[PDB]
Structures are given as structure tokens and as C-alpha cells.
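Asker: Input: one structure, supplied below.
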Amino acid sequence: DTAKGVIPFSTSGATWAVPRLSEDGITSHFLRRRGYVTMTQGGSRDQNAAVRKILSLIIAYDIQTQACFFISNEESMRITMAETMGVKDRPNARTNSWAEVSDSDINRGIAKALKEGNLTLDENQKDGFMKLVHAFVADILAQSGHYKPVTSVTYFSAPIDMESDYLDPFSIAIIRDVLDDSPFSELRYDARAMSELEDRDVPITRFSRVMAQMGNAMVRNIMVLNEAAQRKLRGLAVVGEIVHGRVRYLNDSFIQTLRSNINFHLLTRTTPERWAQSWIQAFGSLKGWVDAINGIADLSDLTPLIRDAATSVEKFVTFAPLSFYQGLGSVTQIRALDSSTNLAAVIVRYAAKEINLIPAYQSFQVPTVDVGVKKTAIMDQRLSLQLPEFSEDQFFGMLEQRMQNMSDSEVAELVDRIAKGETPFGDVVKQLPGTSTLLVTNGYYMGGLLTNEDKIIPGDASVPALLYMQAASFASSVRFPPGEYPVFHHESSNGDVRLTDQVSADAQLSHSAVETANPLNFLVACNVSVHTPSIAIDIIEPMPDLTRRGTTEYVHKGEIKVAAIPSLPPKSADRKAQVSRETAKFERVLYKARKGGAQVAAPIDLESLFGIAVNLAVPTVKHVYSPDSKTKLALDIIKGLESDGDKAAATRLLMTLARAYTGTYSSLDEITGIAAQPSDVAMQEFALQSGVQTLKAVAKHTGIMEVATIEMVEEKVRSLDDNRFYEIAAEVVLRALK
Amino acid sequence: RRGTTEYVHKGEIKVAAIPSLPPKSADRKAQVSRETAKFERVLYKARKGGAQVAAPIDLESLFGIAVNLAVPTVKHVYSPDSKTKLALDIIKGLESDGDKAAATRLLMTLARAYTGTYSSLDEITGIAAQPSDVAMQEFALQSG
């Protein structure tokens, strides 16, 4: 709606802007995290140019631009060259044409000119800056060329942080576009000058000079980017407040998709300084310009600024169903025993790829002096370490049933019970935010998909983003009042709509019309369900790629872990002498037979599992859904079924869960396991208990998962029925024999 | 030559020291009225009786957004200043010995030329005023 100025409406499908999902392996968004971007120094001129590009996009302006002013300053560059080659930074100082420069030489040169440079840098600046100026000098001095890299070295720098900025991915998108065309991506050379450098016997003065002018052009290059960025922002701070109507007849294709964008609308309400900054140069301030096009409506042709902004915003920001995205969310509604016309639970299952198993490689360790880091030389894959491997399907299965057999009043009780802070199921089941039904999500528990930001819905209930969005994406049109929340409308005929008491106070409701400022209401109770979820959440390079590994050495803080296995004493029975002690010094199985009931103690020999003289190097997986936050799901579902009482269900899930934890390392030295006798169970009990306790000891010495969460289970499995212990233990000796 | 060389100049080229407006709906309006503040303005006193007008001049949006106009100094033969100073001396000398008819026509011509060029080149900002049809078209001269 756009009669004669601006006025309210309510698109039933409003859209919030999310980050356009990339597979680029250089960023981390709030649903997808990236630990480390893998990187490289030296090797060859081309390898350094691949990196110089990725560095072009990772490191932010203030570090990048700072480096360009460093390069533009001759007196600084004279010193980095003068020191790179063994000579003084003086007008009469000569370097040869046969001199070959290792990257080692460049860096200690740059370092020396930072040091005398007398400019103050953060630890972060100093690090990013040293990598740009290195990648620039190793390209000049390849073109020169005196570069002759002694080797390739791999470091890991960290990705672009879009972990916050749920609310504003627009200024992130602008900046990130403009970085593509950044002065560090491709260096433009002067061939005439470069010939002077190829020449022997060159004075060092001729080297600084040409690098200076190259920099001096990069500085201009940036002044142009810092302009074409602030031109785009100018355009965004024009869309608001034409959208709120402090300025005046345009319903552009862009402006339209942003008038029904909850994100934009909030950010723009009172005008954002970050975007109004850009008008201080042109007119200044924004209010000076705003008065201009309100004198005019009573320095025009405004439609390219908006178009400029768009191409950027568009290529980095997809707008979402409160349309797409109608996932990634398995929405299955479930109604009380009082079938119609009101429901109890709304299940929302976000899925993503996990990793079932992790490869492990024999490594040796290479000296450096830092503690600090370690260099390691990963050689051969020699195992693949196993995880739990339990399907999250069945757990929500027993939970569906439970919520169906929930009567109408039973439910509204559990809700109040929960709304008072009680959390019977953990964060699996919560109050549906601002509605009187409850929801049953996966993703409070995974990737932190759901976390609650509290301005989106009117009123007092804070609400997770990817619901508000997945719900609003089921809305047919969307009304946009200046200075208020978006009001949504859903119109889908005819009978597939319920008239219910559960919806928040603001909601109008008929059969096939729903009109509320709180989208989740469209699950109370419009017939809205999605069998399987739209978009599985993906990780590119979840593990650091040791695919190069025959040819390069690696440097890692935490991203690779090396195994500090304790070695057993080699002795028929000197093992047995320390195993029983119940306080000695290599990993063991330590259970207390539930068949009454002496203490068992058996040594765990990681030696013979991992290989004989081998220090497993094991990558750390940056998971989306981590064994620890999954197992911690199941256990919270089991606990919450344990009351309100479904012993039948709860005790079946705990069984499933158990089978998975004990299965993997069972079975993998008779006379050693003590105390025991040739019982047929006491023995098949060992089979369970070593199967978890060796998985535990493996997860201790290789950072696969927290030991914490294995003991969390071990405990819930001691408390498992004595009759069941031995059903699963039969199952595990029968699997083991084959 | 300018794409290929740098320039060195005492006076022959001048670079613009524009004052930047404050970027604010109406923090502009708060300093414009003061009749003593710090960016260029239109400052006339309506000959239609007759409050003081004060409106900010935004060289920013005329010259370009982040741009420092370098402007060559023209070595003229007949310079606007020694021409306009002709016309004004002719107008004054016609004003007596009396030709009001002539003198007041020339002054009109002269005026049209001075006001024409930058007219018109931010409604709510120009203060004090009301939607008069002249008070407004007076601004048009006076800002020009």
C-alpha cells in the first residue's frame, strides 16, 4: 500500500534478511561456524597470490588500509628492502642481481621497519599487516625477481565474523562486496620501472621508490573503495527514511522487498548513524539533505544510488520466508486428545550434517621454539576414530506420542509449569514464545541455531530468529506501519484453519484469515506442516585438510591434537599388580558388577589400538551438531519422559543410546580383567563396560568429544534396569563374535 | 597531462576547503538559525516584511560527496570582478544624472545573471518561512 505518501499494510509473508549462504570456506555465519581458514606462506609466486587474494577478503580495512599507507611511505619500504638484503637504507647502497631472497629474509625486513616505523599496532593489526606486506613484497620480488622461496609453510588465520549481525547483514554485505575489488587482490605493475630493478647492479633507493608509487596507487585505490562503499551506504540511509516517510513517488523492486523486511524496518526506524555518516560529506548532515527533498517535493534523479546499494545487498543477503525460508524446519503440529480445534505441541526439527567418524594419522613432531604452538608432520592415516552414531529420529518419535496423549488441560499445565522456569525436558520443550502452546525444537541444542533476541515480536516474550522467520515465511502479505512492528496476514482457504485460545492477545482469527504481529501464531493453528526439512545445514572443510600432508609441515594451536597415550608396563602380570590398586596410572575399565558385585579393574591398551609407536594426530572437527550437544539432547528427552511418566518410552530411548555408546569399541587380554570368574554374564557385562570405557579413554587422549558427556551416560546406564544391562550386553557379545 | 603527472602549485591551482554540514535531520536547523554558526548559508531578510531567513548551503552535494575540487585559477583579460564593477559604475552614473528607467533595467539584467546560475541547486531547513508563493520564490533568487 502506497496511496499518497506512506501507510500501513500487512504482507502475510514478510521477510527477514539472512546471510546468503555460501560454501566459500572463508566465513562463519550464526548457523554455520568456521574455526580456521587454512593458509600458506611461500612455496611459489602463484601460491602466494592465491593467498594474497583470500587475505584480500579476510583482513578488514583498517588493517588493510593501514598497510597501504605503510607501503606508500618510501622511507619505511627502503628499510624493509635494505634489511631484506644485507645492506644499509641509504641513498648509496647497492644490491646484486644474484642475491636470492627467502621469505625468512623478507619478514625480518618488514619487522625491522615496523619497529623503527614508530606506528602503534594492536597484536591483531601487527599480525594481519605483516601478512599483507609480506605477500606484497614476495610478489614485487618475484616480478623483480629475487624471490626464491626456501619452502612452503602453512599457517591458519581465522574467517570473517558474521556470528553476530543477525539484525544487520546489510552493512556487512556492502563492505564485503567492496573488498572484492581491493588493492591487495591484484597488483598492477609498471613494466618500465620493473626493468630498472631486473638490471644489475641496482641501488636500494630504486627499489623503495617503485614500491612507494605502487603503494601510493593502492592508497588512491582505497580512497575510491572507501568512496564507493560510502556511496552505497548513502543509498541505504535514503531507503530509510523514504520507508518511514520523512522524505518524498517510488515503489522500486528493491525498496519494496525492504519495506516488508522486519530487519531493515527495525534498523532504520530512527535513522542509523553508521549509514547517515556518509551524507556528512555530500550535504551534511542527513537532516540537511532530508530538508532538501521536502522543499523539492513541494540534486534529484535518485534511482541509481538505490540500484548501487542493491547489487551488493542482493549478492550477499537472501530475504527469507518469515516465501523461503519455510525451513529448514520439519514442522509437524500435534493436537491434544481434545482433537479439535486446538493443538498442544508444535515440533520443529532443524537438520544438518554431523560427522560420524574422524581420521587419525601417525605423526612426528618437529622442533620450534614457542610454547606457543607445535609443528607436526602428519604422515599416514592409521585409524578412523568412531563416535556414538545414534539416530535422533526415534527420540522425537516417543516424544510425539507423548504430546498426542496429552489432554488439553494437561498441556496448558505443563506450559505454566515451564513458564515458571521448570524445564522438565531441558531446552527441547519450551513455551512457544508468546503463544499458550509449547514447541519441541531440535535446535536450541545445535549450532545455537535458536537463541533468543528480544526485539522482533511485540510485547515481553523474547523470540528466536529462525522461528520468527520460518513462521513469517508462511504469510501471504505484510503491513508496514512507520514506527511499529510488522503486522502479518495469512489467507489460505478454507477449513484448514482453527479458531483457538492459544494465540497471543493481538491476533485476529477467522477460518482462513489470521492477522498478528507475531508470526509463530501461524502454527496456532493454520494447517501448516512440512514433512522433511528444506535445506540441510552444511559445513565446508569441517576438518582442517591434511591432504597436502606428504609435502608440507603443519603449525597448530588446537586444530590438531597429538596423542599423549600412557604406555602400559610390559609385564605378564606387573600390569595386574597396578590395575587392581584403584588409584594407578594408565587408562582402565572400572565398573562394579551389577551382578553383586565386587569391583572390576581391567587395563585399556591404547598402544595396541592406535599402533605400536604412534602418536595419533587427530584433527579437531568444527561440528554443527556435536556429539556432546546431541547426547545432551537425548539425555534431556529421556529425563523429561522419565517424568511426566513414560517408563516404557524413556527406558527404551536410554537403551538405544546405550547400545550406540557401548557398541563402537566392543570388543577391542584374558588374565588381566579382575575380579571375575568364567560367568557367562559377568563376562558379557565386561563387554558393555569396556566398550564405553575404552571409547571414554579414546575420547580422553584425542579430543573427539568431552569425557564429561560419556560419564553423563555411563551413569544413566548404571541406573538402567538390571534385566536390560544384560539384554544389550548379549547384543554386544553376539555382534563381537562375528 | 593529469592522468600521468603530479602537479606543484603556489596559487595557480586551488583546492576546496569545503565545510561539511552536520549530518542530522535537524541538528542542521539548530545551528542555521543562530546567525553566527559555521558552514555557508543563505542569509536574507524577506523584502516582504520581513523576518530573517537562514538556510544552509550544501556544497557537499554540489561538488561531490568526498571530493576536494581542484580548480585552476584563470588568468583572465576581462575579469568578472572588473566587469561587474563596470556595470555597477554605469548603473550608478545613470542613477544620476537621472535615468531611473535605464539604470533600473541594467541592474535587473545584472541581477538575473548573478542569481540565475546556481538556481536552483532540502525543504524543512530554510527558516523562517511559510508556504507563501513569493517568500518561496524570493528564496530562489537569494539562494541563487
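Asker: Please list, in chain and number order, the residues 5+ apart from B:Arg41 or on another chain whose amide H is under 5 Å from its amide H, with Hs placed from the backbone.
Answerer: Under 5 Å from the amide H of B:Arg41 lie the amide H atoms of B:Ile57, each far enough along the sequence or on another chain.
Asker: What Kirkwood Rh does the stretch B:89-141 have if only Cα atoms enter the pairwise 1/r average? Answer in Å.
Answerer: Kirkwood radius, the stretch B:89-141: 13.3 Å.
Asker: Could I ask something else about it? Search the structure for amide H atoms under 5 Å from the amide H of A:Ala344, placed 1.01 Å from N in the peptide plane, and list their residues when 5 or more places away or on another chain.
Answerer: A:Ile334, A:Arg335, A:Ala336
Asker: Give me the inter-chain shielding for B:21-34: mean count of other chain Cβ atoms within 10 Å, whole number please.
Answerer: Average neighbour count from other chains, rounded to a whole number: 6.
Asker: Only counting other Cβ atoms within 10 Å, I'd like A:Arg246, B:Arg2 sorted with the fewest neighbours first.
Answerer: B:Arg2, A:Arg246
Asker: For A:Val589, enumerate residues with amide H under 5 Å from its amide H, sequence gap 5+ or separate chain, H modeled in the peptide plane.
Answerer: Amide H neighbours of A:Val589, under 5 Å, 5+ apart: A:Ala602, A:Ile604.
Asker: Another question about this same structure. Arranged by the count of other C-beta atoms within 10 angstrom, fewest first, what order do B:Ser61, A:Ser407, A:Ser102, A:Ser572 take?
Answerer: Fewest-to-most ranking of B:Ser61, A:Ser407, A:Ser102, A:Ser572: A:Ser572, A:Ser407, A:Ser102, B:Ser61.
Asker: In vacuum, with every alpha carbon of the stretch A:542-650 counted as one equal point scatterer, what does the Debye formula give for log10 I(q)/I(0) at q = 0.21 Å⁻¹? Two decimals, please.
Answerer: For the stretch A:542-650, the Cα-only Debye profile gives -1.09.
Asker: As a test of understanding, state the convex hull volume per residue of the stretch A:552-599 from its alpha carbons, in Å³.
Answerer: Convex hull volume per residue, Cα atoms: 157 Å³.
Asker: When averaged across all projection directions, what area in nm² does the alpha-carbon convex hull of the protein assembly as shown cover?
Answerer: Computed as one quarter of the Cα hull surface, the answer is 51.6 nm².
Asker: Shifting gears a bit: Which value at 222 nm does chain A reach when only helices count, each DSSP H run of 4 or more adding -39,500 (n - 2.57), with the total divided by all residues and rounded to the nearest 500 deg cm²/dmol?
Answerer: Calculated at 222 nm, the ellipticity per residue is -12500 deg cm²/dmol.
Asker: I would also like to ask the following. Inverting the mean 1/r over all pairs of different Cα atoms, compute the Kirkwood radius of the stretch A:240-398 and quote it in Å.
Answerer: One decimal place: 22.8 Å for the Kirkwood radius.
Asker: Just in the stretch A:533-601: which GluC sites (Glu not before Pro) are loop by DSSP and have at most 11 other Cβ atoms within 10 Å?
Answerer: Sparse-neighbourhood loop GluC sites (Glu not before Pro): A:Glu582.
Asker: Continuing with the same structure: From the alpha carbon gyration tensor of the stretch A:242-312, can you work out the equivalent ellipsoid semi-axes (sqrt of 5 times each eigenvalue) and give them in Å, largest to smallest?
Answerer: 19, 15, 13
Asker: I would also like to ask the following. Loop only per DSSP, at most 13 neighbouring Cβ atoms within 10 Å: give me the GluC sites (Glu not before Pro) in the stretch A:409-495, ordered by residue number.
Answerer: Here the sparse-neighbourhood loop sites are A:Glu422, A:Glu484.
Asker: Would you mind getting me the FRET efficiency between B:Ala30 and A:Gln277? Use the beta-carbon distance for r and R0 = 25 Å, nearest 0.05.
Answerer: 0.85
Asker: Over the stretch A:398-498, how many percent of alpha carbon pairs lie in each 5 Å bin up to the one with the longest distance?
Answerer: Distribution as computed: 2, 10, 17, 21, 19, 17, 10, 3, 1, 0 percent.
Asker: Can you pull the Kirkwood radius for the stretch A:378-447, inverse mean 1/r over Cα pairs, to one decimal in Å?
Answerer: Taking every pair of different Cα atoms in the stretch A:378-447, averaging 1/r and inverting gives 14.6 Å.
Asker: For a Förster distance of 45 Å, can you work out the FRET efficiency between the beta-carbons of A:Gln677 and A:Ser462, rounded to the nearest 0.05?
Answerer: Rounded to the nearest 0.05, the efficiency is 0.15.
Asker: Once the convex hull of the alpha carbons of the stretch A:50-97 is built, what does its volume come to per residue, in cubic angstrom?
Answerer: 94
Asker: Sticking with this one: Post the alpha-carbon centroid distance, the stretch A:405-446 to the stretch A:511-571, in whole angstrom.
Answerer: Centre-to-centre (Cα) distance: 25 Å.
Asker: Please state the Cα pair-distance histogram of the stretch A:636-738 with 10 angstrom bins from zero: what percent is in each bin?
Answerer: Taking every Cα pair in the stretch A:636-738, the percentages come to 14, 44, 33, 9, 1.
Asker: A follow-up question, please. For the stretch A:574-652 and the stretch B:93-130, what is the centre-to-centre distance using only Cα atoms, to the nearest Å?
Answerer: Centre-to-centre distance over Cα atoms comes out at 94 Å.
Asker: How big is the antiparallel share of DSSP beta bridges in the protein assembly as shown, given as a percent to the nearest 5?
Answerer: 85
Asker: Once the convex hull of the C-alpha atoms of the stretch A:1-84 is built, how many Å³ does it hold per residue, rounded to a whole number?
Answerer: Dividing the Cα hull volume of the stretch A:1-84 by its residues yields 207 Å³.
Asker: Rounded to whole Å, give me the distance from the Cα center of the stretch A:1-48 to that of the stretch A:180-216.
Answerer: 36
Asker: Here's another thing I want to ask about it. In what sequence do A:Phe264, A:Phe488 fall when counting other Cβ within 10 Å, fewest first?
Answerer: Least to most surrounded, the residues fall as A:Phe264, A:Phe488.
Asker: Moving to a separate point now. Over the stretch B:44-144, what lengths in whole Å, largest first, do the semi-axes of the equivalent ellipsoid take, defined as the square roots of 5 times the eigenvalues of the alpha-carbon gyration tensor?
Answerer: 29, 25, 9
Here, each number is a calculation from the coordinates, and none is a lab measurement. Here Cβ is always computed from backbone atoms with ideal geometry, including for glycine, and neighbour counts include all displayed protein chains.
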